[PDB]
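Engineer: There's a structure below that I have some questions on.
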Amino acid sequence: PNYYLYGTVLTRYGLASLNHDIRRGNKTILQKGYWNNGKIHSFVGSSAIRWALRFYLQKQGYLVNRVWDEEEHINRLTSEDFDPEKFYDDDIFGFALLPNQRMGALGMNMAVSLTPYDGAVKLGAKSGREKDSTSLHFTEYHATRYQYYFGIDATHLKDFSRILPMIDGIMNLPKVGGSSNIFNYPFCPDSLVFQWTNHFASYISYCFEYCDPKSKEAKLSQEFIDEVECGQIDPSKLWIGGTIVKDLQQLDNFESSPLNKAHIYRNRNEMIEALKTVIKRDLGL
Amino acid sequence: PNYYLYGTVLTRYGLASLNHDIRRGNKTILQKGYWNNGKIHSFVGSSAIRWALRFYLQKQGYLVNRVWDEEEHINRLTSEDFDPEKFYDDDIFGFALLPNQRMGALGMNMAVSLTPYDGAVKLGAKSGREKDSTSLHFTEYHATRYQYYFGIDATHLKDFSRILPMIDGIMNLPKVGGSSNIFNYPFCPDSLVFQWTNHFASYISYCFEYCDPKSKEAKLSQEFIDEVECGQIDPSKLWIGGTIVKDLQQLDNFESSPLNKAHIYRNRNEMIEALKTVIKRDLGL
Amino acid sequence: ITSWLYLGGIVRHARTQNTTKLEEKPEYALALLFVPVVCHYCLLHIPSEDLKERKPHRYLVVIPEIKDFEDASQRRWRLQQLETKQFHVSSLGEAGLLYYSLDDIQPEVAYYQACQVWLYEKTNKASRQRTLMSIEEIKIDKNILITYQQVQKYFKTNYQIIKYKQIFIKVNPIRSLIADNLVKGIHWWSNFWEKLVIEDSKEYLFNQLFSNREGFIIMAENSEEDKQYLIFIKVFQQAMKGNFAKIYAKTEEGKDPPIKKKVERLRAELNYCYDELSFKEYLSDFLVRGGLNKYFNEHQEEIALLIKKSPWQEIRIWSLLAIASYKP
Amino acid sequence: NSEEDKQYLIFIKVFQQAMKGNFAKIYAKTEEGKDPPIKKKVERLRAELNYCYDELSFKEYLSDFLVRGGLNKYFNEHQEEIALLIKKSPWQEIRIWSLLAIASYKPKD
Amino acid sequence: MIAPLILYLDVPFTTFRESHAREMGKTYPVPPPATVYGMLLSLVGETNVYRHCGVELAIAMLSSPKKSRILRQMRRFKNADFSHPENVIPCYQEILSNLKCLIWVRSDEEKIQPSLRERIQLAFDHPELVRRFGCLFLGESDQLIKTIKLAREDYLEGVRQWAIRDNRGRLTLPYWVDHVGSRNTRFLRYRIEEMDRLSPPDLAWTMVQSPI
């Protein structure tokens with residue numbers, strides 16, 4: 001009996017220059033690409049969020065094969081023969097080699113800035129009477145919210161109890177690799193759309209969408225609501241939590257809409273407790 | 001454990017021109033960008049506040065690897081090799097010379113203007129009938145309260161006792177890089193929202209909003225209060241002090257809201273003393 | 001085979017060099033031997049980097065899609081005629097268009113050519129060898145190519161600065177900007193002023209604007225949406241004509257009227273305006289002082305709505321263009 | 001176009017009709033001489049409009065000019081809309097609108 | 001002849017970086033038949049690759065996606081030591097955004113029962129019965145699929161961009177991928193033709209076979 005847990009999570013509003021890409025002498029370009037309507041949005045690589053989860057798992061017990069030496073800023077590997085039955089990271093994120101391999105039990109898309117990117121940069125000349133090179137750096141930044149989508153096959157896990165630490169990690173995501181010195185951007189969720197179903201396909205990949213450039217309302221996308229009303233994407237398996245709950249409860253006719261009978265909580269921790277109880281009951285933990 | 005300190009700080013009201021960007025023609029544009037509601041706001045960079053903290057640590061008598069010669073306006077290195085064990089600035093702010101690098105405990109974000117920037121400008125001209133190309137000039141200024149977000153990792157500090165001087169410096173921040181001759185803008189805090197928790201998730205980033213688009217009112221944001229109501233962000237781990245305390249105490253039903261059972265102090269020094277006592281108890285100092 | 005034969009065919013995992021190596025039939029291996037002859041090579045100049053302080057080292061490789069052997073041979077032999085100073089470009093699309101610049105244009109035949117541009121650039125200062133940093137596809141139709149020829153004709157060519165063994169080449173950024181927008185399919189006038197003035201305080205390409213302002217106007221004329229702003233340009237030109245007539249009337253006999261000084265004052269006053277209210281105040285006052293304007297009478301509602309709706313920065317930009325484009 | 005743009009257009013036309021009335025009165029009153037002053041009258045009108053320093057004085061001058069104009073067909077067809085537009089909108093924006101109407105005055109052929 | 005099964009695909013981000021592009025993550029405009037075949041095998045939980053040879057696949061591309069480049073510190077097997085900096089290399093990889101396409105599956109050429117079409121159908125009627133692992137993805141593992149559902153020819157009732165086998169086309173899509181080297185990889189030359197049809201034209205039925 002396969003069981004999955006998909007989720008679309010939207011972060012807060014803040015100033016971010018997280019991932020970046022190769023510089024051009026001047027400027028540290030935040031990487032970006034096209035999105036809905038062709039407007040350019042700033043991205044955050046999937047490997048970034050996977051690295052953040054690995055760091056979270058390493059920071060709180062939860063034995064990790066791929067330990068990150070903070071002092072040396074390098075990745076040391078404890079046991080060259082990966083053992084998913086023991087190491088959490090090989091159980092979840094998998095591994096690769098020249099047994100032979102193990103597909104990661106976690107797959108997440110790259111994070112997307114909810115609002116299109118406008119040309120924004122930060123001057124960076126370093127203090128000092130002497131003005132030599134390596135001064136006047138430019139840091140392209142973005143004042144938006146980041147929304148990313150993940151999916152885990154809990155069945156593929158070697159230890160079925162490892163789903164819960166991933167839930168705590170995604171809720172308390174420590175840090176996506178970024179200019180924390182200049183732009184400390186928290187990545188904790190502000191509005192969640194979770195679904196725990198035995199179906200392989202979940203049509204909730206990117207449900208937070210507002211556009212409306214330079215704004216933070218972050219309404220639920222119309223297409224997601226239409227899909228919910230259609231009959232598919234069963235509301236009983238839906239879990240809606242965060243600040244979007246307020247806007248949902250301020251929607252007209254919401255008391256009679258099919259979205260009403262979905263698990264809905266303003267408090268994020270109550271959502272997490274209820275979902276974890278359901279998952280533990282279904283998986284027999 | 002893993003304790004962290006997060007806070008959003010609001011400054012007093014005054015005329016500020018602290019972050020002139022690359023000037024055009026005769027006018028010295030101060031750096032600005034978009035923010036809430038799509039209105040242009042003036043930004044003061046986080047590197048400026050990091051420099052101010054470095055200067056505070058230098059002045060108070062702590063080691064500080066980077067010495068700033070005020071008369072020479074130059075920066076000198078006490079030792080070519082960074083030693084985070086011995087130097088406070090290397091411990092906190094990190095380094096990268098290009099071991100070799102440190103992550104850095106203090107993670108600070110930009111200083112946004114609470115009030116949108118209308119475009120006010122000031123003309124300055126050299127006196128005397130003898131007039132040359134450098135005779136007259138225009139300097140852009142803004143009358144606003146500034147708000148920035150910072151986050152530090154107590155565990156990441158090589159010496160845990162170093163968290164006290166950084167807090168003292170934040171509450172007694174020296175001049176932030178700007179134009180003190182004609183726009184002397186004090187950056188001293190007048191309203192704090194501090195969180196000292198073991199979880200990372202932070203919901204106090206930019207929790208301040210204006211009552212009127214052109215005013216010095218500085219009320220607490222609705223999202224922060226609502227999130228405290230809903231159940232997350234435990235009031236026992238909340239620390240609010242400053243001028244916003246009066247507005248919070250004048251709110252209706254305040255004695256029944258969860259805001260009541262949170263650490264609130266009218267005097268900022270008392271709240272800082274209490275938070276410092278809590279930190280010293282938690283980290284065994 | 002190896003990367004020297006097929007560009008981009010490096011072995012990702014060196015420890016598996018014997019097994020994970022690209023394999024091909026002998027005839028295709030011969031083709032991979034003889035690829036270098038067809039593809040041309042161009043040098044890329046970073047606009048942000050001063051060419052004086054940085055000699056060009058990025059190499060763009062233009063590889064054309066093949067439709068016929070004879071057509072490709074004739075095209076390559078034609079492109080052999082061009083000067084090296086042309087090959088120095090400021091964008092990948094510029095090099096791609098240059099590869100198809102000498103192609104004959106036939107109005108009965110639907111022209112369509114495709115080529116690949118492969119960017120090779122050292123990752124760092126001390127990089128021993130170049131690495132493939134960008135591949136971009138260019139599909140050129142009739143309209144794009146004729147527009148590019150029009151841009152080449154109106155806009156100035158590269159300045160072949162020559163110094164101590166230093167034959168620097170000054171590429172016009174605008175040409176590239178237009179070319180890029182053309183390839184994008186978006187309006188050429190995406191944001192020329194931004195690049196010409198806002199970004200180009202140094203007037204590196206702003207001078208090109210001065211040299212090619214007519215060309216800019218020409219393309220703007222092509223732009224239908226510009227129409228309203230063209231009518232506003234005529235309105236402001238008529239208003240400044242009236243103001244200059246008033247100054248001429250005020251001018252004493254024998255004295256030289258300071259029309260140049262008045263124009264400089266106009267530019268300074270317009271640049272001084274800091275918000276919507278002050279700029280609109282000054283614009284309306286200047287229009288009133290101009291006198292009876294025929295154009296503003298004919299297009300009353302349209303110009304009024306344009307003033308009411310357009311952001312004041314844009315109206316200031318077009319007013320500055322009107323001042324610069326004034327020609328009695 | 002939105003409603004505000006329509007109101008702004010009616011205000012422009014109202015001001016233009018008021019200027020029509022005032023110029024007609026000027027022509028009728030000073031028919032003697034080679035030509036009555038209109039260009040000087042337009043310059044004086046602009047100077048008076050720019051003289052106004054706050055909402056009270058500017059609104060006083062605007063209302064006085066409007067009544068001096070005479071019957072105002074554009075101001076006939078729309079009473080409440082234009083009246084509310086005048087009372088509510090900031091006086092500076094009214095000054096821009098009046099100056100634009102001045103510059104847009106189509107002479108009667 | 002039983003109507004071929006039709007699937008509606010919607011992937012937010014995807015990358016089908018071409019084979020010979022090993023220095024760069026430069027991708028095909030269209031999902032190759034091999035990647036689609038592998039993803040269908042993953043959906044039906046079929047680990048063996050030789051089980052469903054002969055199934056014919058046709059792809060209808062609903063909207064042309066945008067191509068964007070992203071930077072990645074991809075890890076490679078260059079040095080024996082894992083911690084050696086030679087393993088990590090910074091390089092660019094192209095992605096395709098907002099990819100919506102329709103897939104036609106014709107399993108009549110299969111010689112082993114049940115065919116792939118029957119397996120996909122039975123999977124969609126009874127999602128709980130099918131036993132598999134992993135999370136469904138197109139291209140790279142982290143690029144999940146927003147929506148894969150059973151749909152008709154009229155789901156968008158719009159205009160379709162088909163991938164047609166043309167001996168003078170531009171795209172060189174592989175229908176069988178040899179992951180180790182390039183010996184067994186088999187290529188077919190395609191083109192994108194804009195036609196208003198609710199059913200694939202013959203050629204579109206790219207039929208997957210073993211390289212032998």
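Letters A, B, ... mark the chains of the structure tokens in the order given; residue numbers begin at 1 per chain; ligand numbers begin at 1, in order shown.
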Select all residues from chain E having any atom no more than 7 Å from an atom of chain C (counting only C-alpha atoms, ignoring ligands), output as an mmCIF file with N, CA, C and O atoms, in the first residue's frame.
Structural biologist:
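File produced: iface-v2.cif:
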data_model
loop_
_atom_site.group_PDB
_atom_site.id
_atom_site.type_symbol
_atom_site.label_atom_id
_atom_site.label_comp_id
_atom_site.auth_asym_id
_atom_site.auth_seq_id
_atom_site.Cartn_x
_atom_site.Cartn_y
_atom_site.Cartn_z
ATOM 1 N N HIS E 20 25.000 14.028 -26.080
ATOM 2 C CA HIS E 20 26.334 14.539 -26.351
ATOM 3 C C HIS E 20 26.646 15.819 -25.588
ATOM 4 O O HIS E 20 27.808 16.241 -25.566
ATOM 5 N N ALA E 21 25.647 16.445 -24.967
ATOM 6 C CA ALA E 21 25.870 17.633 -24.145
ATOM 7 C C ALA E 21 26.193 17.177 -22.726
ATOM 8 O O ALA E 21 25.373 17.247 -21.809
ATOM 9 N N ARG E 22 27.418 16.686 -22.552
ATOM 10 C CA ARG E 22 27.880 16.275 -21.235
ATOM 11 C C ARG E 22 28.664 17.363 -20.518
ATOM 12 O O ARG E 22 28.810 17.297 -19.294
ATOM 13 N N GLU E 23 29.165 18.364 -21.245
ATOM 14 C CA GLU E 23 29.804 19.503 -20.596
ATOM 15 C C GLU E 23 28.770 20.508 -20.107
ATOM 16 O O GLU E 23 29.033 21.273 -19.173
ATOM 17 N N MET E 24 27.585 20.508 -20.713
ATOM 18 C CA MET E 24 26.536 21.467 -20.406
ATOM 19 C C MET E 24 25.194 20.771 -20.247
ATOM 20 O O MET E 24 24.860 19.862 -21.014
ATOM 21 N N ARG E 76 30.891 15.067 -9.417
ATOM 22 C CA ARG E 76 31.353 14.103 -10.402
ATOM 23 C C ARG E 76 32.393 13.190 -9.773
ATOM 24 O O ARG E 76 32.994 13.507 -8.743
ATOM 25 N N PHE E 77 32.596 12.039 -10.414
ATOM 26 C CA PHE E 77 33.502 11.008 -9.907
ATOM 27 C C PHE E 77 34.866 11.149 -10.585
ATOM 28 O O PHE E 77 35.245 10.387 -11.476
ATOM 29 N N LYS E 78 35.612 12.155 -10.136
ATOM 30 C CA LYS E 78 36.932 12.437 -10.687
ATOM 31 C C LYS E 78 38.065 11.944 -9.800
ATOM 32 O O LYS E 78 39.060 11.422 -10.312
ATOM 33 N N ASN E 79 37.941 12.092 -8.486
ATOM 34 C CA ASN E 79 38.970 11.669 -7.551
ATOM 35 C C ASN E 79 38.418 10.594 -6.628
ATOM 36 O O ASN E 79 37.217 10.555 -6.343
ATOM 37 N N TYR E 92 26.439 25.020 -15.804
ATOM 38 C CA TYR E 92 25.091 25.490 -16.081
ATOM 39 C C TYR E 92 24.231 24.343 -16.593
ATOM 40 O O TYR E 92 24.715 23.459 -17.302
ATOM 41 N N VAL E 180 25.422 4.150 -19.755
ATOM 42 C CA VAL E 180 26.848 4.002 -19.477
ATOM 43 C C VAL E 180 27.668 4.847 -20.445
ATOM 44 O O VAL E 180 28.394 5.761 -20.040
ATOM 45 N N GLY E 181 27.563 4.553 -21.737
ATOM 46 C CA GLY E 181 28.245 5.339 -22.745
ATOM 47 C C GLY E 181 27.301 5.873 -23.801
ATOM 48 O O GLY E 181 26.326 6.560 -23.484
ATOM 49 N N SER E 182 27.589 5.568 -25.066
ATOM 50 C CA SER E 182 26.705 5.955 -26.158
ATOM 51 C C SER E 182 26.560 4.853 -27.202
ATOM 52 O O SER E 182 26.080 5.131 -28.308
ATOM 53 N N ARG E 183 26.963 3.619 -26.888
ATOM 54 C CA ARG E 183 26.914 2.543 -27.873
ATOM 55 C C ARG E 183 25.480 2.193 -28.249
ATOM 56 O O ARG E 183 25.133 2.143 -29.435
#
Engineer: Go through chain C and flag each residue having an atom no more than 6 Å from chain D; for those, report the closest pair of atoms plus their distance in Å to one decimal, using only C-alpha atoms, ordered by chain and rising number, as a Markdown table.
Structural biologist:
| residue | atom | partner | partner_atom | distance |
| --- | --- | --- | --- | --- |
| C:284 | CA | D:99 | CA | 5.8 |
| C:287 | CA | D:103 | CA | 6.0 |
| C:288 | CA | D:103 | CA | 4.8 |
| C:296 | CA | D:104 | CA | 5.6 |
| C:297 | CA | D:104 | CA | 5.2 |
Engineer: Ranking A:200, A:210, A:220, A:184 by minimum distance to residue 8 of chain B and counting only C-alpha atoms, which one comes first?
Structural biologist: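 The closest residue to residue 8 of chain B is A:184.
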Engineer: For a quick test of understanding: name the residues of chain A lying within 10 Å of chain C when counting only C-alpha atoms, and present them as a list in words.
Structural biologist: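 Listing them in order of chain and number gives residues 22, 24, 25, 26, 27 and 98 of chain A.
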Engineer: Print the selection's residues with N, CA, C and O atoms to a file, as an mmCIF file, in the first residue's frame.
Structural biologist:
data_model
loop_
_atom_site.group_PDB
_atom_site.id
_atom_site.type_symbol
_atom_site.label_atom_id
_atom_site.label_comp_id
_atom_site.auth_asym_id
_atom_site.auth_seq_id
_atom_site.Cartn_x
_atom_site.Cartn_y
_atom_site.Cartn_z
ATOM 1 N N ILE A 22 26.990 32.579 -11.471
ATOM 2 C CA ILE A 22 28.309 33.104 -11.804
ATOM 3 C C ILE A 22 28.242 34.609 -12.027
ATOM 4 O O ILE A 22 27.378 35.117 -12.753
ATOM 5 N N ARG A 24 29.712 38.555 -13.048
ATOM 6 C CA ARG A 24 30.227 39.191 -14.255
ATOM 7 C C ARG A 24 31.250 40.274 -13.924
ATOM 8 O O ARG A 24 31.209 41.369 -14.488
ATOM 9 N N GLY A 25 32.168 39.986 -13.007
ATOM 10 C CA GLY A 25 33.088 41.001 -12.536
ATOM 11 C C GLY A 25 32.395 41.917 -11.553
ATOM 12 O O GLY A 25 32.695 41.909 -10.357
ATOM 13 N N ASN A 26 31.468 42.723 -12.056
ATOM 14 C CA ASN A 26 30.511 43.403 -11.200
ATOM 15 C C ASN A 26 29.247 42.563 -11.112
ATOM 16 O O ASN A 26 29.001 41.710 -11.972
ATOM 17 N N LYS A 27 28.467 42.789 -10.054
ATOM 18 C CA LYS A 27 27.165 42.161 -9.855
ATOM 19 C C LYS A 27 27.299 40.682 -9.511
ATOM 20 O O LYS A 27 28.099 39.961 -10.115
ATOM 21 N N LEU A 98 29.550 4.208 -8.545
ATOM 22 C CA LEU A 98 30.029 3.806 -9.862
ATOM 23 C C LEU A 98 29.266 2.588 -10.373
ATOM 24 O O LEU A 98 28.217 2.721 -11.004
#
Engineer: Quick one: residues within 10 Å of residue 54 of chain D, only C-alpha atoms, excluding same-chain residues fewer than 2 positions away - as a list in words?
Structural biologist: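 Counting only the stated atoms, we get residues 51, 52, 56, 57, 58, 59, 90, 91 and 92 of chain D.
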Engineer: Write out as number ranges by chain which residues come within 9 Å of segment 26-43 of chain C when counting only C-alpha atoms, dropping same-chain ones fewer than 5 positions away.
Structural biologist: C: 1, 4-6, 56-64, 72-73, 76, 79, 84, 86-90, 95, 99
Engineer: Please save N, CA and C atoms of the selected residues as a tab-separated table (two decimals), in the first residue's frame.
Structural biologist:
chain	number	residue	atom	x	y	z
C	1	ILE	N	35.36	8.78	-28.53
C	1	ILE	CA	35.78	10.11	-28.94
C	1	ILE	C	35.99	10.97	-27.69
C	4	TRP	N	37.67	17.32	-27.75
C	4	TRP	CA	38.29	18.07	-28.84
C	4	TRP	C	37.62	17.75	-30.18
C	5	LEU	N	37.11	16.53	-30.33
C	5	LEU	CA	36.40	16.16	-31.55
C	5	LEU	C	34.97	16.69	-31.52
C	6	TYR	N	34.24	16.40	-30.45
C	6	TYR	CA	32.87	16.86	-30.26
C	6	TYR	C	32.85	17.82	-29.08
C	56	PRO	N	39.76	41.21	-24.69
C	56	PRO	CA	38.75	40.16	-24.86
C	56	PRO	C	39.39	38.78	-24.89
C	57	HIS	N	38.76	37.84	-24.18
C	57	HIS	CA	39.20	36.45	-24.21
C	57	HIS	C	38.06	35.45	-24.36
C	58	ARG	N	36.80	35.85	-24.14
C	58	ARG	CA	35.68	34.95	-24.38
C	58	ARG	C	35.54	34.67	-25.87
C	59	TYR	N	35.30	33.42	-26.21
C	59	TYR	CA	35.21	32.99	-27.60
C	59	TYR	C	33.82	32.44	-27.89
C	60	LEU	N	33.14	33.05	-28.86
C	60	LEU	CA	31.83	32.59	-29.31
C	60	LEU	C	32.02	31.76	-30.58
C	61	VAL	N	31.47	30.55	-30.58
C	61	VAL	CA	31.54	29.66	-31.73
C	61	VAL	C	30.15	29.59	-32.35
C	62	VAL	N	30.05	30.02	-33.61
C	62	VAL	CA	28.79	30.04	-34.33
C	62	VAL	C	28.73	28.80	-35.21
C	63	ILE	N	27.80	27.91	-34.91
C	63	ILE	CA	27.63	26.67	-35.67
C	63	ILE	C	26.28	26.71	-36.38
C	64	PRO	N	26.26	26.72	-37.71
C	64	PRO	CA	24.99	26.91	-38.42
C	64	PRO	C	24.29	25.59	-38.71
C	72	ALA	N	25.54	26.33	-47.61
C	72	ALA	CA	26.45	26.56	-46.50
C	72	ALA	C	27.84	26.95	-46.98
C	73	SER	N	28.33	26.31	-48.04
C	73	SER	CA	29.66	26.64	-48.56
C	73	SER	C	29.70	28.08	-49.06
C	76	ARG	N	29.58	30.48	-46.05
C	76	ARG	CA	30.85	30.58	-45.33
C	76	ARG	C	31.87	31.37	-46.14
C	79	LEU	N	30.96	35.02	-45.83
C	79	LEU	CA	31.33	35.54	-44.52
C	79	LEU	C	32.84	35.67	-44.35
C	84	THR	N	37.90	41.74	-39.35
C	84	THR	CA	38.02	41.22	-37.99
C	84	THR	C	37.32	42.11	-36.98
C	86	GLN	N	34.60	43.57	-37.25
C	86	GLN	CA	33.20	43.19	-37.19
C	86	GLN	C	33.00	42.01	-36.24
C	87	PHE	N	33.95	41.08	-36.24
C	87	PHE	CA	33.79	39.85	-35.47
C	87	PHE	C	33.73	40.12	-33.97
C	88	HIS	N	34.37	41.20	-33.52
C	88	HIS	CA	34.28	41.59	-32.12
C	88	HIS	C	32.88	42.13	-31.83
C	89	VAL	N	32.10	41.39	-31.05
C	89	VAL	CA	30.71	41.73	-30.78
C	89	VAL	C	30.49	41.81	-29.28
C	90	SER	N	29.33	42.35	-28.90
C	90	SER	CA	28.96	42.53	-27.51
C	90	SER	C	27.86	41.59	-27.04
C	95	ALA	N	26.74	38.12	-32.77
C	95	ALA	CA	27.58	37.23	-33.57
C	95	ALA	C	26.74	36.35	-34.48
C	99	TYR	N	26.88	36.28	-38.57
C	99	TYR	CA	27.05	35.09	-39.39
C	99	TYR	C	26.05	35.06	-40.55
Engineer: Quick check, in Å to one decimal: how far apart do atom CA of residue 13 of chain E and atom CA of residue 68 of chain A lie?
Structural biologist: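 Value for the atom CA of residue 13 of chain E-atom CA of residue 68 of chain A distance: 28.6 Å.
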Engineer: I need the residues in segment 162-222 of chain B that are strand (DSSP E) according to DSSP; give them as a list in words.
Structural biologist: residues 189, 190, 191, 192, 193, 194, 195, 196, 197, 208, 209, 219 and 220 of chain B
Engineer: Name the residues of segment 101-303 of chain C that come out as helix (DSSP H, G or I) in a backbone DSSP run; write them as a PyMOL selection string.
Structural biologist: chain C and resi 142-154+173-184+188-190+192-199+206-222+226-250+259-272+276-290+294-298+300-303
Engineer: If we count only C-alpha atoms, which residues of chain A reach to within 7 Å of chain B? Please list them as number ranges by chain.
Structural biologist: A: 71-72, 120, 123, 128-130, 143, 172, 174, 180-184, 186, 188, 214-216, 266-269
Engineer: To one decimal place, how far is atom CA of residue 323 of chain C from atom CA of residue 186 of chain C in Å?
Structural biologist: 27.6 Å
Engineer: With 7 Å as the limit and counting only C-alpha atoms, what residues in chain E lie close to chain A? Please list them as a PyMOL selection string.
Structural biologist: chain E and resi 66+68-71+82-83+97-98+127-128+131-136+141-144+146-148
Engineer: Next, the residues of the selection above should be written as a tab-separated table (two decimals), in the first residue's frame with N, CA, C and O atoms.
Structural biologist:
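Listed below is the output, selection_8.tsv:
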chain	number	residue	atom	x	y	z
E	66	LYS	N	9.52	28.03	-22.07
E	66	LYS	CA	10.67	28.91	-22.08
E	66	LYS	C	11.89	28.15	-21.58
E	66	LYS	O	11.79	27.29	-20.71
E	68	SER	N	15.51	28.28	-19.72
E	68	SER	CA	16.23	29.08	-18.74
E	68	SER	C	17.43	28.30	-18.24
E	68	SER	O	17.39	27.07	-18.13
E	69	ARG	N	18.50	29.02	-17.93
E	69	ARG	CA	19.73	28.41	-17.44
E	69	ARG	C	19.88	28.64	-15.94
E	69	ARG	O	19.59	29.73	-15.44
E	70	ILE	N	20.31	27.60	-15.23
E	70	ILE	CA	20.56	27.69	-13.80
E	70	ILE	C	21.94	27.11	-13.51
E	70	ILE	O	22.45	26.25	-14.24
E	71	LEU	N	22.54	27.58	-12.42
E	71	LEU	CA	23.85	27.13	-11.98
E	71	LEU	C	23.71	26.04	-10.93
E	71	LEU	O	22.83	26.09	-10.07
E	82	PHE	N	36.23	11.36	-1.58
E	82	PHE	CA	34.96	12.06	-1.73
E	82	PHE	C	35.09	13.53	-1.36
E	82	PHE	O	34.45	14.39	-1.99
E	83	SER	N	35.90	13.85	-0.35
E	83	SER	CA	36.04	15.21	0.13
E	83	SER	C	36.96	16.07	-0.73
E	83	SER	O	37.09	17.27	-0.47
E	97	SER	N	10.29	25.39	-18.39
E	97	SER	CA	9.33	25.82	-17.39
E	97	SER	C	7.91	25.76	-17.95
E	97	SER	O	7.67	26.11	-19.11
E	98	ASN	N	6.98	25.31	-17.10
E	98	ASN	CA	5.55	25.25	-17.42
E	98	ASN	C	5.31	24.41	-18.67
E	98	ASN	O	4.73	24.85	-19.67
E	127	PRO	N	-5.82	3.35	-8.05
E	127	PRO	CA	-4.49	3.80	-7.61
E	127	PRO	C	-3.94	3.01	-6.43
E	127	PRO	O	-2.72	2.85	-6.33
E	128	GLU	N	-4.80	2.53	-5.54
E	128	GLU	CA	-4.33	1.83	-4.35
E	128	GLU	C	-3.75	0.46	-4.66
E	128	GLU	O	-2.89	-0.03	-3.91
E	131	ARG	N	1.49	-1.22	-6.81
E	131	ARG	CA	2.59	-1.17	-5.86
E	131	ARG	C	3.85	-0.74	-6.59
E	131	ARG	O	4.24	-1.35	-7.59
E	132	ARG	N	4.49	0.32	-6.10
E	132	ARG	CA	5.71	0.85	-6.69
E	132	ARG	C	6.47	1.58	-5.59
E	132	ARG	O	6.15	1.46	-4.41
E	133	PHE	N	7.48	2.35	-5.99
E	133	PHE	CA	8.28	3.13	-5.05
E	133	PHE	C	8.47	4.53	-5.62
E	133	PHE	O	7.82	4.92	-6.60
E	134	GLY	N	9.33	5.31	-4.96
E	134	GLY	CA	9.72	6.62	-5.45
E	134	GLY	C	8.60	7.61	-5.65
E	134	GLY	O	7.44	7.33	-5.35
E	135	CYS	N	8.94	8.79	-6.17
E	135	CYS	CA	7.97	9.81	-6.54
E	135	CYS	C	8.05	10.06	-8.03
E	135	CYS	O	9.15	10.19	-8.59
E	136	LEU	N	6.89	10.12	-8.69
E	136	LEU	CA	6.86	10.29	-10.13
E	136	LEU	C	7.50	11.61	-10.53
E	136	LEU	O	7.20	12.67	-9.98
E	141	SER	N	15.37	13.72	-11.02
E	141	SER	CA	14.56	13.15	-9.94
E	141	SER	C	13.82	14.22	-9.16
E	141	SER	O	12.68	14.01	-8.73
E	142	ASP	N	14.44	15.39	-8.97
E	142	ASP	CA	13.82	16.43	-8.17
E	142	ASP	C	12.75	17.21	-8.92
E	142	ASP	O	12.09	18.07	-8.32
E	143	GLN	N	12.56	16.93	-10.21
E	143	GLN	CA	11.56	17.64	-11.01
E	143	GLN	C	10.27	16.81	-11.03
E	143	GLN	O	10.02	16.01	-11.93
E	144	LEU	N	9.44	17.04	-10.02
E	144	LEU	CA	8.19	16.30	-9.89
E	144	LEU	C	7.18	16.77	-10.93
E	144	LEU	O	7.36	17.78	-11.61
E	146	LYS	N	3.38	18.05	-11.75
E	146	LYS	CA	2.23	18.70	-11.13
E	146	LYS	C	0.96	17.88	-11.34
E	146	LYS	O	0.21	17.64	-10.39
E	147	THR	N	0.70	17.45	-12.57
E	147	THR	CA	-0.55	16.79	-12.91
E	147	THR	C	-0.33	15.79	-14.02
E	147	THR	O	0.07	16.16	-15.13
E	148	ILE	N	-0.59	14.52	-13.73
E	148	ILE	CA	-0.73	13.48	-14.75
E	148	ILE	C	-2.08	12.81	-14.52
E	148	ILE	O	-2.33	12.26	-13.44
